[PDB]
Amino acid sequence: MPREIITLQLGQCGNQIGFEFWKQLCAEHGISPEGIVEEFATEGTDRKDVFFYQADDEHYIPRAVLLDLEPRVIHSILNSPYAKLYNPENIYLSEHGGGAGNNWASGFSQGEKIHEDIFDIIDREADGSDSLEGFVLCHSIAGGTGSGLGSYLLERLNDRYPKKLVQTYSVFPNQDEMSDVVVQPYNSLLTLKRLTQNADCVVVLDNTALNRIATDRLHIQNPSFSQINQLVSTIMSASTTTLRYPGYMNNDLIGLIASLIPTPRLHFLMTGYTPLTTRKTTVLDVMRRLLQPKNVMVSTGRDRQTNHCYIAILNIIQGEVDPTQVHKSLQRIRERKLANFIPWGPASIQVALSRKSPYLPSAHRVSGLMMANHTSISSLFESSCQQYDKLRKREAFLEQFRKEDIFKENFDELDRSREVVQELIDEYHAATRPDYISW
Amino acid sequence: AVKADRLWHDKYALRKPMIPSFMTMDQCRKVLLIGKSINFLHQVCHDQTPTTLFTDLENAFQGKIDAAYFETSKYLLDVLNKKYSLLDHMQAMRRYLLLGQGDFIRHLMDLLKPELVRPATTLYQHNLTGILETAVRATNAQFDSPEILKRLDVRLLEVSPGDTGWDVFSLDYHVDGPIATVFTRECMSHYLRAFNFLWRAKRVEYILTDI
Amino acid sequence: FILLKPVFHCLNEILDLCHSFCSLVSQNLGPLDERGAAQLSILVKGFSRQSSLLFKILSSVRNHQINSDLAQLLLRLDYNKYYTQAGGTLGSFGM
Amino acid sequence: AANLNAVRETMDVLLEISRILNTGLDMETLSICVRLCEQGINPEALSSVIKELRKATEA
Amino acid sequence: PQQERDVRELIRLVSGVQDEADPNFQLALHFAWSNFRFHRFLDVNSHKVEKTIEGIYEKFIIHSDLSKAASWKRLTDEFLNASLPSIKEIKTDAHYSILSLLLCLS
């Protein structure tokens, strides 16, 4: 059976990026903004029964749900002409005002309040499908509303249905600047602890490098959140491309994630895509540019004295290519030794050939999206942990977590989150060395 | 002796000691191919299409030979690739018999897991054919040509005496007559062997994924 | 399926068994007597034998090529494979 | 003699392959089975008896 | 008599028990003779034996050993065409029964 994936749009930023993703999918499949089939959408090979369910009137209704604690973003999305894409049953209107004030505690408590008011919808969307491969959760860890809500919902779903793939699209706040919500790192830390406890494969989405590419690779003096969301939706929708080609390999998300993840705690994957533009390329150019630390969407700290090993390297290559090109590109990159692997469990650089949809306007021969399990992100975690630690050193803005009595009773939840993150970072450090078998 | 399968060497043999001094080996091969194509078209394709230096060797003899050869061959190629057989059949066995589908094969082995675990003796192709057809209706193969769909067929291919049904399961994809006169029921044997090889490989892959 | 001798013979046998069962029921207007019970037991024995025969002739070959209509017939009999549930026969249940 | 040797080799290979596949047999038991089949004993019953005997011997 | 003695000797050889007063030995001999008496209505089909041989040949072909299958076929043909001090004819029902027994044993 064709397993589906359910989309969870949370928070202002998560809802925005989820809409961007869904519009990108609609563009790829070639369907009308109402979700009705077109003369150039159904005559191809792309399988549109993976994220959209076919109706009885050729309506590929998206397998997505809209949740928020403030209805204004919901109304704005409704104003879009892609409101006809979704069913109203697929949409829940916020019964809360002002979101959760961007507080992890507030969002978590409100998600606890709406336990079944979301559970009913999720169960309806689930049992409406034969089999589901897993879940996809678009969210922003910066937004405390969505952060707490997602933590609650991840707990609930992991408890109730321990039989699906748990994926979240965690918007990582900018390290380029400090936001007015100074307790944002703790919220993120709590969310990160939940991810460590619950999530299975994390595609990290740092806003700092997004800003950097936008300023440089999109050439804007002041990037806007909307254009950033547009570009990130484009780059993330490029991921599922292999899933849309049922002609080469099984290519199931569960297996693809499992082909790289060593442990359910070490489930964090980088991102990197080419081309980025506001010409002529061969296979060897693809990974050759990917090796450059210029097209990564995930940045790390200022660390240069600690070796970092790319635990797993994979690349999806969308475009018309030749098998000899891939065969030689792999050997050539390996001989140039532009990568590393664990000495005890040494691995290789997996490739995924795929071809472009005819309904996708093509202006380039190839397009590459990298998936790397790597150690640099620990620095970012450290960057957060330090940001947490000093904040926890300052013991500032804890009244936000004293509004909700759950944290007013004890801040030991933050301490346990910090401990778990430290354990994970030490796990990464050990993974850098052959002794990881002992750890 | 006459046949409809092997009629690429059947009832048309080249006689070595019966060639004129003005008749050459390549000319003989070309004329044999042209005549065999005409015979196949009129007999196995059941299509009736009209075929319109002095010395004693000439040069227009060879020119006529070549022109008629290219006419006959091109016409028969068009006939065979347009009606009856199609290139899409090879693409079809590429998609299906070469495990290009994936989801088709994935769900196929998903449904076979509850069955092929049972002993090979305890199995019933009666239910296996229904499994096949319902999976095809489930998957994208339902969106493909019904001719290739009818060309498919599941078989119970004896592999183990009383072992698991994973071994004895097979597909046959019967194709006969002027449709895919080729493969002589000797290349399809190799195709079946490769199918078994890839089937075992994919099964153990899915085992690893499940683990 | 008259052109197939075995299946035709089995169909005739089952027709005769149905007639005999109806006649036996006709014998007792009320509940069957002891003789009615004994003849019902004999008929049930024959029915189980013939049901095994009909299953196995339906299972004459289910590993190589066979008529498609016969396959459809068996599947109609195997709406939930009650025969496999029934052990490949009908009438195997105690008196 | 030569035909006897050829038959012995053939039945040895058959028994080896039967051992490889599911059970196989030994020389004495295979000769007993051959004599019984030559005497009209149903091979199915003999095979079932051999399987039962091997099962009992195993445990 | 002779068949009963042969069956008893085969049982003794297989079970490794030479005792004939053992109740298990008596049960085995009774079961063997009951099977022989009961399966007198089932015979050996030469076509069925050939089909089973072809299935075994297909199994061997899958096993990627053509020489073994060719030797099997040649030896079975010779056996069907062989002569014995008790079977002096070729391709008789005794040969088919022996082949069916061998195929059942494999």
# chains A, B, ... in the order shown; residues from 1 in each chain; ligands from 1
$ interface_residues --of "chain C" --to "chain B" --cutoff "12 Å" --atoms "only C-alpha atoms" --output "ChimeraX atom specification"
/C:56,58-81,84,87-88
$ select_by_dssp --residues "chain C" --states "alpha helix (DSSP H)" --output "mmCIF file with C-alpha atoms, in the first residue's frame"
data_model
loop_
_atom_site.group_PDB
_atom_site.id
_atom_site.type_symbol
_atom_site.label_atom_id
_atom_site.label_comp_id
_atom_site.auth_asym_id
_atom_site.auth_seq_id
_atom_site.Cartn_x
_atom_site.Cartn_y
_atom_site.Cartn_z
ATOM 1 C CA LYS C 5 -15.344 -35.940 -17.003
ATOM 2 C CA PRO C 6 -14.204 -35.834 -13.356
ATOM 3 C CA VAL C 7 -15.895 -32.566 -12.479
ATOM 4 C CA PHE C 8 -19.054 -33.643 -14.299
ATOM 5 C CA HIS C 9 -19.125 -36.912 -12.354
ATOM 6 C CA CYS C 10 -18.599 -35.084 -9.060
ATOM 7 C CA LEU C 11 -21.403 -32.650 -9.898
ATOM 8 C CA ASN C 12 -23.700 -35.585 -10.629
ATOM 9 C CA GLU C 13 -22.698 -37.169 -7.330
ATOM 10 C CA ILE C 14 -23.471 -33.994 -5.412
ATOM 11 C CA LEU C 15 -26.819 -33.724 -7.199
ATOM 12 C CA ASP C 16 -27.664 -37.267 -6.120
ATOM 13 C CA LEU C 17 -26.569 -36.516 -2.558
ATOM 14 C CA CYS C 18 -28.744 -33.397 -2.438
ATOM 15 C CA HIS C 19 -31.717 -35.385 -3.708
ATOM 16 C CA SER C 20 -31.093 -38.077 -1.103
ATOM 17 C CA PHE C 21 -30.810 -35.530 1.698
ATOM 18 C CA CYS C 22 -34.063 -33.882 0.651
ATOM 19 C CA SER C 23 -35.768 -37.277 0.449
ATOM 20 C CA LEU C 24 -34.522 -38.209 3.914
ATOM 21 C CA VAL C 25 -35.825 -34.925 5.291
ATOM 22 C CA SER C 26 -39.100 -35.719 3.545
ATOM 23 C CA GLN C 27 -39.172 -39.063 5.354
ATOM 24 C CA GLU C 34 -33.537 -43.264 14.796
ATOM 25 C CA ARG C 35 -33.582 -44.661 11.264
ATOM 26 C CA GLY C 36 -33.698 -41.098 9.974
ATOM 27 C CA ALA C 37 -30.655 -40.321 12.104
ATOM 28 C CA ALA C 38 -28.778 -43.372 10.803
ATOM 29 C CA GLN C 39 -29.527 -42.592 7.165
ATOM 30 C CA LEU C 40 -28.509 -38.983 7.788
ATOM 31 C CA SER C 41 -25.211 -40.238 9.212
ATOM 32 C CA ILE C 42 -24.618 -42.416 6.147
ATOM 33 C CA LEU C 43 -25.452 -39.478 3.890
ATOM 34 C CA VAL C 44 -23.138 -37.178 5.854
ATOM 35 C CA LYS C 45 -20.322 -39.702 5.521
ATOM 36 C CA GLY C 46 -20.845 -39.813 1.771
ATOM 37 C CA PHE C 47 -21.096 -36.023 1.655
ATOM 38 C CA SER C 48 -17.794 -35.601 3.482
ATOM 39 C CA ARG C 49 -16.133 -38.106 1.147
ATOM 40 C CA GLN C 50 -17.474 -36.327 -1.924
ATOM 41 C CA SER C 51 -16.596 -32.910 -0.495
ATOM 42 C CA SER C 52 -13.003 -34.038 -0.037
ATOM 43 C CA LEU C 53 -13.121 -35.341 -3.601
ATOM 44 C CA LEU C 54 -14.495 -32.047 -4.924
ATOM 45 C CA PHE C 55 -11.950 -29.983 -3.005
ATOM 46 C CA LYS C 56 -9.087 -32.115 -4.312
ATOM 47 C CA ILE C 57 -10.366 -31.989 -7.887
ATOM 48 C CA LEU C 58 -10.742 -28.245 -7.424
ATOM 49 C CA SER C 68 -9.319 -19.542 -15.266
ATOM 50 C CA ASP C 69 -13.051 -20.100 -14.815
ATOM 51 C CA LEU C 70 -12.349 -23.030 -12.497
ATOM 52 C CA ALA C 71 -10.024 -20.727 -10.571
ATOM 53 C CA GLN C 72 -12.849 -18.207 -10.287
ATOM 54 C CA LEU C 73 -15.201 -20.956 -9.136
ATOM 55 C CA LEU C 74 -12.804 -22.058 -6.408
ATOM 56 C CA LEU C 75 -12.318 -18.441 -5.306
ATOM 57 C CA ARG C 76 -16.096 -18.059 -5.121
ATOM 58 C CA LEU C 77 -15.957 -21.146 -2.927
ATOM 59 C CA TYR C 82 -13.974 -21.726 4.377
ATOM 60 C CA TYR C 83 -12.814 -24.982 2.793
ATOM 61 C CA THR C 84 -9.282 -24.400 4.057
ATOM 62 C CA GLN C 85 -10.949 -23.346 7.288
#
$ interface_residues --of "chain B" --to "chain D" --cutoff "9 Å" --atoms "only C-alpha atoms" --output "count of residues only"
4
$ atom_distance --atom1 "atom CA of residue 197 of chain A" --atom2 "atom CA of residue 266 of chain A"
10.8 Å
$ closest_atom_pairs --of "chain E" --to "chain D" --cutoff "8 Å" --atoms "only C-alpha atoms" --output "CSV"
residue,atom,partner,partner_atom,distance
E:3,CA,D:39,CA,7.0
E:6,CA,D:36,CA,7.4
E:7,CA,D:36,CA,7.2
E:10,CA,D:32,CA,5.4
E:13,CA,D:29,CA,6.9
E:14,CA,D:29,CA,6.0
E:15,CA,D:53,CA,6.5
E:32,CA,D:45,CA,7.3
E:35,CA,D:45,CA,6.0
E:36,CA,D:41,CA,5.3
E:39,CA,D:42,CA,6.1
E:40,CA,D:42,CA,7.6
E:42,CA,D:42,CA,7.9
E:72,CA,D:10,CA,7.2
E:75,CA,D:10,CA,6.0
E:76,CA,D:10,CA,7.6
E:79,CA,D:7,CA,6.6
E:82,CA,D:3,CA,7.0
E:83,CA,D:3,CA,7.7
E:94,CA,D:38,CA,6.2
E:97,CA,D:37,CA,6.4
E:98,CA,D:37,CA,5.9
E:100,CA,D:43,CA,7.2
E:101,CA,D:43,CA,4.8
E:102,CA,D:14,CA,7.4
E:104,CA,D:47,CA,6.7
E:105,CA,D:47,CA,6.0
E:106,CA,D:18,CA,4.0
$ atom_distance --atom1 "atom CA of residue 2 of chain C" --atom2 "atom CA of residue 45 of chain E"
25.1 Å
$ residues_around --residues "segment 82-84 of chain A" --least-positions-apart "2" --cutoff "6 Å" --atoms "only C-alpha atoms" --output "PyMOL selection string"
chain A and resi 33-34+78+80+86
$ atom_distance --atom1 "atom CA of residue 149 of chain A" --atom2 "atom CA of residue 136 of chain A"
14.5 Å
$ residues_around --residues "residue 48 of chain E" --least-positions-apart "3" --cutoff "12 Å" --atoms "only C-alpha atoms" --output "ChimeraX atom specification"
/E:43-45,51-55,96-97,99-100,103-104
$ closest_atom_pairs --of "chain B" --to "chain A" --cutoff "7 Å" --atoms "only C-alpha atoms" --output "tab-separated table"
residue	atom	partner	partner_atom	distance
B:95	CA	A:247	CA	6.8
B:100	CA	A:247	CA	4.4
B:101	CA	A:247	CA	4.9
B:102	CA	A:250	CA	4.5
B:103	CA	A:250	CA	6.3
B:106	CA	A:250	CA	6.9
B:107	CA	A:1	CA	5.9
B:138	CA	A:1	CA	7.0
B:209	CA	A:255	CA	5.9
$ interface_residues --of "chain E" --to "chain B" --cutoff "9 Å" --atoms "only C-alpha atoms" --output "list in words"
residues 55, 56, 58, 59, 60, 61, 62 and 106 of chain E
$ select_by_dssp --residues "segment 15-174 of chain B" --states "strand (DSSP E)" --output "PyMOL selection string"
chain B and resi 154-156+169-171
$ write_last_selection --atoms "C-alpha atoms" --output "CSV table (one decimal), in the first residue's frame"
chain,number,residue,atom,x,y,z
B,154,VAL,CA,1.9,-15.4,-11.2
B,155,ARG,CA,3.1,-19.0,-11.0
B,156,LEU,CA,4.1,-21.4,-8.3
B,169,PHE,CA,6.8,-18.3,-5.6
B,170,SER,CA,7.5,-17.0,-9.1
B,171,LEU,CA,6.1,-14.9,-11.9
